[PDB]
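J.:
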Amino acid sequence: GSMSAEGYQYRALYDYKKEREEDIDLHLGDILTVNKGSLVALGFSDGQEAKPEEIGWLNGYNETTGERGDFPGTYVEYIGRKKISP
């Protein structure tokens, strides 16, 4: 059941198609996951994992399709932030 934690999560809102090699295919119910204590993944130090409106690009991955890449914080909805583990 994975060898690591999940971290914080964001529930997709609408089906979005990608156009850049940076962006990936986004579907409904697609939950994305980040780091548990290394949101600095991007270089941030204050973004409030709860409000994507202030964050620009979020980089994460969707195990739903086992795909990964970047997505704007204007098509998902933050749901929960905590040290989630099996």
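First residue of the sequence shown? That's 6 in my numbering, and the numbers climb one at a time after it.
Positions of the beta carbon are idealized from the N, C-alpha and C atoms, including for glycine.
1) Given that a residue counts as buried once 16 or more other Cβ atoms are within 10 Å of its Cβ, and exposed if not, what is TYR19?
2) Check each candidate in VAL45, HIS32, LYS88 and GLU26 and name the one with the smallest Cα separation from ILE60.
3) Give the straight-line distance between the Cα atoms of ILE29 and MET8, rounded to the nearest whole angstrom.
4) Provide the residue(s) that pair with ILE36 in DSSP beta bridges, ordered along the chain.
5) Going along the chain, which residues of its own chain have a beta-carbon closer than 6 Å to the beta-carbon of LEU37, five neighbours each way excluded?
T.: In this structure, then:
1) exposed
2) For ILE60, the nearest C-alpha among the options comes from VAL45.
3) Answer to the nearest angstrom: the Cα atoms are 25 Å apart.
4) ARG16
5) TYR15, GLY65 and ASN67
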